[PDB]
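Note sheet for the following structure.
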Amino acid sequence: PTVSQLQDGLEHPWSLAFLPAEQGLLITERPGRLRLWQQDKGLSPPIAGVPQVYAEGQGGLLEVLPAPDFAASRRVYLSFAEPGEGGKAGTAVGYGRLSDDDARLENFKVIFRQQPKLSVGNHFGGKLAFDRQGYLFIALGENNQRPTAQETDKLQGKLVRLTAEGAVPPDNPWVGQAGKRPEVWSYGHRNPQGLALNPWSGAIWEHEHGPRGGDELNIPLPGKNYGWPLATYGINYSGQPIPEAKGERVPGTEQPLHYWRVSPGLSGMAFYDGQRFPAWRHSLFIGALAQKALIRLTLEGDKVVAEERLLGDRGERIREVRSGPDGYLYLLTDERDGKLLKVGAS
Ligand SMILES: [Ca+2]
């Protein structure tokens with residue numbers, strides 16, 4: 001593949017999002033800054049009005065996602081780790097309006113908070129995605145408290161579906177059910193760092209880290225249990241089993257679409273529906289942090305039929321993957337001197 005380094009000097013960049021036409025790209029730096037990159041103008045100073053964050057461990061400023069109607073509204077959603085009571089943090093999601101001159105995020109306000117707050121630095125999740133109807137999906141980790149992913153009254157280890165304003169859609173699976181959070185779409189997730197709308201089927205797909213082994217790709221269905229920590233393809237970091245695990249397959253829990261017994265460290269995900277590189281059409285691209293590579297899965301409908309590895313000689317932790325309107329892939333690398341990369345098939 002071809003690789004062009006478009007920008008360096010990004011401190012642990014986490015998310016990118018394209019703005020319309022040639023207006024550029026927004027990029028988050030996990031320590032807590034939002035930037036705008038454009039091909040002629042380079043990288044902006046930090047944009048004003050961004051929330052303060054819990055910038056410890058894996059937390060900080062996470063996803064940036066312009067609203068589907070950004071051209072009209074200039075609305076920009078952000079996810080981030082937010083401090084709370086008792087010195088524990090949790091994920092939060094809000095939005096503001098990017099000013100006409102790109103200098104300031106105006107009137108930022110939180111619309112959703114993970115509760116309770118249980119993290120001391122790990123497993124925020126944080127990816128965001130809109131579906132075809134404009135509903136907002138939010139992927140949440142279990143804050144490193146493994147059993148809470150199974151608990152229906154806790155927002156740990158859940159995929160959440162909200163309206164554009166953060167309200168609960170009345171057809172969410174748990175609405176009206178005692179002891180269950182009505183924001184929840186699916187449960188039993190560990191630490192999801194991939195979330196994307198399949199452009200052909202209209203289904204949200206998700207991926208998540210396993211512990212020592214067992215990273216997973218899922219197609220999450222409403223009200224379904226993805227099994228963490230009762231079911232897993234991984235073990236604990238010590239080499240002992242995860243204490244709560246009953247098996248790789250556990251009845252009443254849904255299997256992953258695809259799994260990796262040796263964890264690449266999945267991060268970022270994009271379906272390729274461009275015209276520039278026809279050989280890449282109907283592929284799903286996923287970053288690998290630990291294995292420092294880009295994964296390409298060939299799809300036949302909902303089936304994964306082949307797995308390819310790219311960029312394995314570059315030595316960069318791939319944190320973010322987006323399919324650009326110009327037909328190239330755009331990546332961020334997770335390092336102190338983090339990079340924005342433009343990647344093509346040849
Ligand atoms: Ca699972």
Side-chain angles (χ1 to χ4, degrees), residues 15 17 26 28 34 49-51 53 61-84 89-98 105-119 124-143 148-149 151-189 192 194-198 202-206 218-226:
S15 180
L26 292 170
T28 62
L34 183 70
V50 172
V53 303
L61 181 62
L62 306 171
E63 196 88 300
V64 57
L65 181 51
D69 66 359
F70 176 93
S73 61
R74 301 187 62 80
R75 179 173 294 181
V76 178
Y77 293 76
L78 298 172
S79 74
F80 60 106
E82 180 189 61
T91 304
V93 178
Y95 70 76
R97 182 183 184 272
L98 185 60
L105 191 56
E106 307 166 319
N107 304 118
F108 184 82
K109 64 172 205 179
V110 168
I111 67 170
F112 168 81
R113 290 191 163 83
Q114 181 174 48
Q115 294 291 1
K117 292 174 180 286
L118 299 175
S119 184
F124 293 100
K127 300 308 267 179
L128 304 175
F130 283 99
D131 77 2
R132 280 175 181 177
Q133 273 74 240
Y135 293 94
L136 178 58
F137 283 76
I138 305 165
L140 300 171
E142 39 61 309
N143 293 174
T148 64
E151 297 172 24
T152 63
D153 60 337
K154 292 185 185 158
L155 291 165
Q156 274 70 35
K158 308 296 191 286
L159 182 54
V160 154
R161 184 182 68 130
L162 304 173
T163 72
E165 298 302 332
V168 177
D171 56 339
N172 264 16
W174 288 351
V175 167
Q177 299 183 358
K180 304 191 190 179
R181 285 296 299 240
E183 299 89 352
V184 168
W185 180 261
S186 56
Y187 71 115
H189 301 290
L195 193 69
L197 178 69
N198 183 309
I204 293 284
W205 292 27
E206 174 265 14
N218 294 294
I219 304 172
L221 301 176
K224 268 56 175 155
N225 190 340
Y226 292 81

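Sequential numbering from 1 along the given sequence is applied to the chain's residues. Reckoned from all heavy atoms, side chains included, excluding hydrogens, waters and symmetry mates.
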So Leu98 and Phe70, do their side chains get closer than 4.5 Å, heavy atoms only? yes
Find out whether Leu159 and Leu195 are in side-chain contact, i.e. whether some heavy atom of one side chain is under 4.5 Å from a heavy atom of the other. yes
Are the side chain of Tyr77 and the backbone of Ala164 linked by a donor-acceptor contact shorter than 3.5 Å? yes
Restricting to non-hydrogen atoms, name the atom on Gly223 and the atom on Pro173 that form the minimum distance, rounded to 0.1 Å. N-CG, 3.5 Å
Steps toward side chain to side chain donor-acceptor pair (under 3.5 Å) verdict (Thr148, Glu142): CA-CA 6 Å; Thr148 64; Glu142 39 61 309; 6.0 Å; no
Between CG of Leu65 and CZ of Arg75, what distance do you get to the nearest 0.5 Å? 12.0 Å
Please check if the side chain of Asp131 supplies one atom and the backbone of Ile204 the other of a donor-acceptor pair under 3.5 Å. no
Partners meeting side-chain contact (heavy atoms from CB on, under 4.5 Å) with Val53 (sequence neighbours left out): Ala55, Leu61, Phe80
Output for pair (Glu82 CD, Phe124 CZ), nearest 0.5 Å, gives 10.5 Å
Are any non-hydrogen side-chain atoms of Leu78 and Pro51 less than 4.5 angstrom apart? yes
Specify the closest pair of heavy atoms between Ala17 and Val64, including all atoms of both residues, with the distance to one decimal. CB-O, 3.6 Å
How long is the span from the CD1 atom in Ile138 to the CG atom in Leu162, to the nearest 0.5 Å? 4.5 Å
Rounded at 0.5 Å granularity, tell me how far CD in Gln115 sits from OG1 in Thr91. 10.5 Å
Checking the side chain of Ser119 only, and the main-chain atoms of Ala89 only, is there a donor and an acceptor separated by less than 3.5 Å? no
Please confirm whether the backbone N or O of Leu62 pairs with a side-chain atom of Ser79, one donor and one acceptor, at under 3.5 Å? no
Would you say the side chain of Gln177 lies within less than 4.5 Å of the side chain of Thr152, judging by non-hydrogen atoms? no
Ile219 side chain near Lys224 side chain, heavy-atom distance below 4.5 Å: no
In terms of relative ring orientation, are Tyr226 and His189 parallel, tilted or perpendicular, with 30° and 60° separating the classes? parallel
Can you list everything that forms a side-chain contact (heavy atoms from CB on, under 4.5 Å) with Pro68? Sequence neighbours excluded, please. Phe130
Does the ring center of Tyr135 lie less than 6.0 Å from the ring center of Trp185? no
Passes side-chain contact (heavy atoms from CB on, under 4.5 Å), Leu155 versus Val184? Steps please. CA-CA 8 Å; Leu155 291 165; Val184 168; 3.9 Å; yes
A side-chain contact here means heavy atoms from C-beta on lying under 4.5 Å apart; do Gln114 and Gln156 qualify? yes
Can you check salt bridge (charged side-chain N to carboxylate O under 4.0 Å, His left out) on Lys127 and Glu206, steps first, answer last? CA-CA 9 Å; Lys127 300 308 267 179; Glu206 174 265 14; over 6 Å; no
Answer whether the closest heavy-atom distance between the side chains of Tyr95 and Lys109 falls below 4.5 Å. yes
Look only at the side chain of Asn218 and the backbone of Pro220, and say whether a donor-acceptor pair between them is shorter than 3.5 Å. no
Please report the shortest heavy-atom distance between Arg161 and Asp171, naming the atom on each side. NH2-OD1, 2.9 Å
Using ring-ring contact (aromatic ring centres under 6.0 Å, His included) as the criterion, list what pairs up with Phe112, not counting sequence neighbours. none
Non-hydrogen side-chain atoms of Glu183 and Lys158 separated by less than 4.5 Å: no
